[PDB]
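Trainee: Shown below is the structure under consideration.
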Amino acid sequence: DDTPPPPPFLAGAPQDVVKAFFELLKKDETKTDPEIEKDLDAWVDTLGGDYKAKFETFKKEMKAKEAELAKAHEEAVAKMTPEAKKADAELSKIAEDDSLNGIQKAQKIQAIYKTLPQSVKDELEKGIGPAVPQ
C-alpha cells in the first residue's frame, strides 16, 4: 500500500529510545511520511548521532516531493480560481524554502480578501451585521 515508514526514523537506538519512538508513533500512525518524520526529527535534534545523515537526506526528499507536487498543483491552479493561485503560490515558495516564515499573514489576507465582497465589508463596517436577516 501507500503509507509512511513504521520503523524508527533514528533506527540504531536502544530499547529505552525505541519506547519513546513507538509512543510518539502510535499518536501519528494516521499521518503522512513527512508529518511523522518532522516530529521524530524535532526530538532527534537533541540526540546527536549517525541519525544526522538520515535528517540531511530526509529534508531533501521531503522538500523534493513537496516542491514537485506544489509546482504541478500551482501550474494547474494558474487557470483556476484567483484565491487558489494565492494559496498555491504560498505552498510552492514554502515547499522549496521552509525557513521563509511570515508569509502565512499575507496568504491569510489574500485568502480572506478574495471572499470579502462589498456586501460583507458594508454590513461589518458598522459592526456585527446590525439588524440583518438570514
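Here's how to read the names in the C-alpha cells: chain A, B, ... by the order shown, residue numbers from 1 in each chain, ligand numbers from 1 in the order shown.
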Which residues come within 12 Å of segment 40-50 of chain A, counting only C-alpha atoms, excluding same-chain residues fewer than 6 positions away, as JSON, numbers by chain?

Mentor: {"A": [5, 6, 7, 8, 9, 10, 11, 12, 13, 17, 18, 20, 21, 22, 23, 24, 25, 27, 28, 33, 34, 56, 57, 58, 59]}

Trainee: Excluding residue 75 of chain A and residues on its chain fewer than 6 positions from it, collect all residues at most 12 Å away from it, counting only C-alpha atoms, and give them as a VMD selection string.

Mentor: chain A and resid 68 to 69 84 to 85 88 to 89 92

Trainee: Any chance you can output those residues with N, CA and C atoms as a short mmCIF file (atom, residue, chain, number, x, y, z; two decimals), in the first residue's frame?

Mentor:
data_model
loop_
_atom_site.label_atom_id
_atom_site.label_comp_id
_atom_site.auth_asym_id
_atom_site.auth_seq_id
_atom_site.Cartn_x
_atom_site.Cartn_y
_atom_site.Cartn_z
N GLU A 68 7.77 19.46 -5.97
CA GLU A 68 7.27 18.90 -7.23
C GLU A 68 5.73 18.85 -7.28
N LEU A 69 5.09 18.37 -6.20
CA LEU A 69 3.64 18.46 -6.00
C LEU A 69 3.15 19.91 -6.12
N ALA A 84 -7.13 30.40 -5.17
CA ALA A 84 -6.37 29.16 -5.30
C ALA A 84 -4.92 29.47 -5.71
N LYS A 85 -4.72 30.39 -6.67
CA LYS A 85 -3.41 30.91 -7.08
C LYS A 85 -2.59 31.45 -5.90
N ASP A 88 -1.71 28.34 -3.52
CA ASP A 88 -0.70 27.53 -4.22
C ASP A 88 0.65 28.24 -4.41
N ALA A 89 0.66 29.55 -4.65
CA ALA A 89 1.90 30.33 -4.68
C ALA A 89 2.63 30.27 -3.33
N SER A 92 3.97 26.67 -2.92
CA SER A 92 5.11 26.46 -3.83
C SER A 92 6.40 27.11 -3.33
#

Trainee: Give me, as a list in words, all polymer residues having an atom no more than 12 Å from residue 70 of chain A, counting only C-alpha atoms and skipping those fewer than 2 positions away in the same chain.

Mentor: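 My reading of the contact set: residues 62, 63, 64, 65, 66, 67, 68, 72, 73, 74, 75, 76, 77, 78, 84, 85, 87, 88, 89, 90, 91, 92, 93, 94, 95 and 96 of chain A.
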
Trainee: Those selected residues, please, written with C-alpha atoms and delivered as a compact mmCIF listing (two decimals), in the first residue's frame.

Mentor:
# COMPACT_ATOMS: atom_id res chain seq x y z
CA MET A 62 10.53 15.88 1.70
CA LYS A 63 11.39 19.24 0.10
CA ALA A 64 11.61 17.43 -3.29
CA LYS A 65 8.19 15.66 -3.03
CA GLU A 66 6.53 18.85 -1.69
CA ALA A 67 8.17 21.20 -4.27
CA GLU A 68 7.27 18.90 -7.23
CA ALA A 72 2.32 20.74 -10.66
CA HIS A 73 -0.66 21.84 -8.48
CA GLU A 74 0.29 25.57 -8.99
CA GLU A 75 0.56 25.04 -12.82
CA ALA A 76 -2.99 23.55 -12.95
CA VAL A 77 -4.22 26.22 -10.41
CA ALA A 78 -2.99 29.15 -12.63
CA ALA A 84 -6.37 29.16 -5.30
CA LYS A 85 -3.41 30.91 -7.08
CA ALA A 87 -2.72 29.59 -1.63
CA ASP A 88 -0.70 27.53 -4.22
CA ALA A 89 1.90 30.33 -4.68
CA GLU A 90 2.49 30.27 -0.86
CA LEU A 91 2.59 26.41 -0.88
CA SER A 92 5.11 26.46 -3.83
CA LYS A 93 7.55 29.07 -2.35
CA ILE A 94 7.46 27.39 1.11
CA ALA A 95 7.87 23.89 -0.44
CA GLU A 96 11.39 24.98 -1.67

Trainee: Do you have the atom CA of residue 97 of chain A-atom CA of residue 37 of chain A distance handy?

Mentor: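 Calculated distance between atom CA of residue 97 of chain A and atom CA of residue 37 of chain A is 17.5 Å.
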
Trainee: DSSP on the backbone, then: every residue of segment 60-100 of chain A marked helix (DSSP H, G or I), written as a ChimeraX atom specification.

Mentor: /A:60-77,82-96

Trainee: Restrict the selected residues to N, CA, C and O atoms and save them as a compact mmCIF listing (two decimals), in the first residue's frame.

Mentor:
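And here is the file that came out, selection.txt:
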# COMPACT_ATOMS: atom_id res chain seq x y z
N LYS A 60 15.89 16.87 2.17
CA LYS A 60 15.90 16.87 0.69
C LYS A 60 14.73 16.10 0.08
O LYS A 60 14.01 16.67 -0.73
N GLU A 61 14.50 14.83 0.44
CA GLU A 61 13.39 14.02 -0.07
C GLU A 61 12.02 14.68 0.14
O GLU A 61 11.22 14.79 -0.80
N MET A 62 11.76 15.17 1.35
CA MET A 62 10.53 15.88 1.70
C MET A 62 10.35 17.16 0.89
O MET A 62 9.33 17.32 0.22
N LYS A 63 11.37 18.02 0.90
CA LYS A 63 11.39 19.24 0.10
C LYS A 63 11.20 18.95 -1.39
O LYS A 63 10.52 19.70 -2.08
N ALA A 64 11.72 17.83 -1.89
CA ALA A 64 11.61 17.43 -3.29
C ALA A 64 10.18 17.01 -3.65
O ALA A 64 9.61 17.52 -4.61
N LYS A 65 9.58 16.11 -2.85
CA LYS A 65 8.19 15.66 -3.03
C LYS A 65 7.23 16.85 -2.95
O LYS A 65 6.40 17.03 -3.83
N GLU A 66 7.37 17.67 -1.90
CA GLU A 66 6.53 18.85 -1.69
C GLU A 66 6.69 19.88 -2.81
O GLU A 66 5.68 20.32 -3.36
N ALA A 67 7.92 20.24 -3.20
CA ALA A 67 8.17 21.20 -4.27
C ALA A 67 7.59 20.74 -5.61
O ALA A 67 6.96 21.53 -6.31
N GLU A 68 7.77 19.46 -5.97
CA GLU A 68 7.27 18.90 -7.23
C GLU A 68 5.73 18.85 -7.28
O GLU A 68 5.12 19.31 -8.25
N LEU A 69 5.09 18.37 -6.20
CA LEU A 69 3.64 18.46 -6.00
C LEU A 69 3.15 19.91 -6.12
O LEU A 69 2.23 20.18 -6.89
N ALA A 70 3.76 20.84 -5.40
CA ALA A 70 3.37 22.24 -5.39
C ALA A 70 3.54 22.89 -6.78
O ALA A 70 2.65 23.61 -7.20
N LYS A 71 4.63 22.60 -7.51
CA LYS A 71 4.84 23.05 -8.90
C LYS A 71 3.72 22.60 -9.83
O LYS A 71 3.14 23.43 -10.53
N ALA A 72 3.38 21.30 -9.81
CA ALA A 72 2.32 20.74 -10.66
C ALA A 72 0.93 21.30 -10.30
O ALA A 72 0.19 21.75 -11.18
N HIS A 73 0.60 21.30 -9.00
CA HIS A 73 -0.66 21.84 -8.48
C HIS A 73 -0.79 23.33 -8.82
O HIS A 73 -1.79 23.71 -9.42
N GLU A 74 0.24 24.16 -8.58
CA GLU A 74 0.29 25.57 -8.99
C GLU A 74 0.08 25.77 -10.50
O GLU A 74 -0.71 26.63 -10.89
N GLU A 75 0.75 24.99 -11.36
CA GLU A 75 0.56 25.04 -12.82
C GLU A 75 -0.91 24.84 -13.22
O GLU A 75 -1.47 25.65 -13.95
N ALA A 76 -1.56 23.78 -12.72
CA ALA A 76 -2.99 23.55 -12.95
C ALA A 76 -3.89 24.62 -12.30
O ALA A 76 -4.94 24.96 -12.84
N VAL A 77 -3.50 25.17 -11.15
CA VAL A 77 -4.22 26.22 -10.41
C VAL A 77 -4.15 27.59 -11.09
O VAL A 77 -5.08 28.39 -10.95
N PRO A 82 -8.98 32.58 -8.42
CA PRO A 82 -7.92 33.52 -8.04
C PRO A 82 -7.34 33.27 -6.64
O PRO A 82 -6.13 33.37 -6.44
N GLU A 83 -8.17 32.93 -5.65
CA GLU A 83 -7.74 32.58 -4.28
C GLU A 83 -6.85 31.32 -4.26
O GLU A 83 -5.92 31.22 -3.46
N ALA A 84 -7.13 30.40 -5.17
CA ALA A 84 -6.37 29.16 -5.30
C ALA A 84 -4.92 29.47 -5.71
O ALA A 84 -4.00 28.97 -5.08
N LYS A 85 -4.72 30.39 -6.67
CA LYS A 85 -3.41 30.91 -7.08
C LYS A 85 -2.59 31.45 -5.90
O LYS A 85 -1.40 31.17 -5.82
N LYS A 86 -3.23 32.18 -4.99
CA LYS A 86 -2.60 32.76 -3.78
C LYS A 86 -2.13 31.68 -2.81
O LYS A 86 -0.96 31.64 -2.43
N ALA A 87 -3.04 30.76 -2.45
CA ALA A 87 -2.72 29.59 -1.63
C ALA A 87 -1.58 28.74 -2.25
O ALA A 87 -0.58 28.47 -1.60
N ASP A 88 -1.71 28.34 -3.52
CA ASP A 88 -0.70 27.53 -4.22
C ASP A 88 0.65 28.24 -4.41
O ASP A 88 1.68 27.58 -4.30
N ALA A 89 0.66 29.55 -4.65
CA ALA A 89 1.90 30.33 -4.68
C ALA A 89 2.63 30.27 -3.33
O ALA A 89 3.83 29.97 -3.31
N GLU A 90 1.93 30.49 -2.21
CA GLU A 90 2.49 30.27 -0.86
C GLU A 90 3.01 28.84 -0.66
O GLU A 90 4.15 28.65 -0.23
N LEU A 91 2.21 27.82 -0.99
CA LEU A 91 2.59 26.41 -0.88
C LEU A 91 3.82 26.07 -1.74
O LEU A 91 4.67 25.30 -1.31
N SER A 92 3.97 26.67 -2.92
CA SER A 92 5.11 26.46 -3.83
C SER A 92 6.40 27.11 -3.33
O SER A 92 7.44 26.44 -3.30
N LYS A 93 6.36 28.37 -2.88
CA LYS A 93 7.55 29.07 -2.35
C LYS A 93 8.02 28.42 -1.05
O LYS A 93 9.22 28.17 -0.90
N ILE A 94 7.09 28.06 -0.14
CA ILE A 94 7.46 27.39 1.11
C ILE A 94 7.97 25.96 0.87
O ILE A 94 8.90 25.53 1.55
N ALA A 95 7.43 25.24 -0.12
CA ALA A 95 7.87 23.89 -0.44
C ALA A 95 9.33 23.80 -0.94
O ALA A 95 9.91 22.71 -0.88
N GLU A 96 9.95 24.90 -1.38
CA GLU A 96 11.39 24.98 -1.67
C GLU A 96 12.21 25.64 -0.54
O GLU A 96 13.43 25.43 -0.47

Trainee: Please compute the atom CA of residue 31 of chain A-atom CA of residue 3 of chain A distance, one decimal, in Å.

Mentor: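 Computed distance, atom CA of residue 31 of chain A to atom CA of residue 3 of chain A, equals 8.7 Å.
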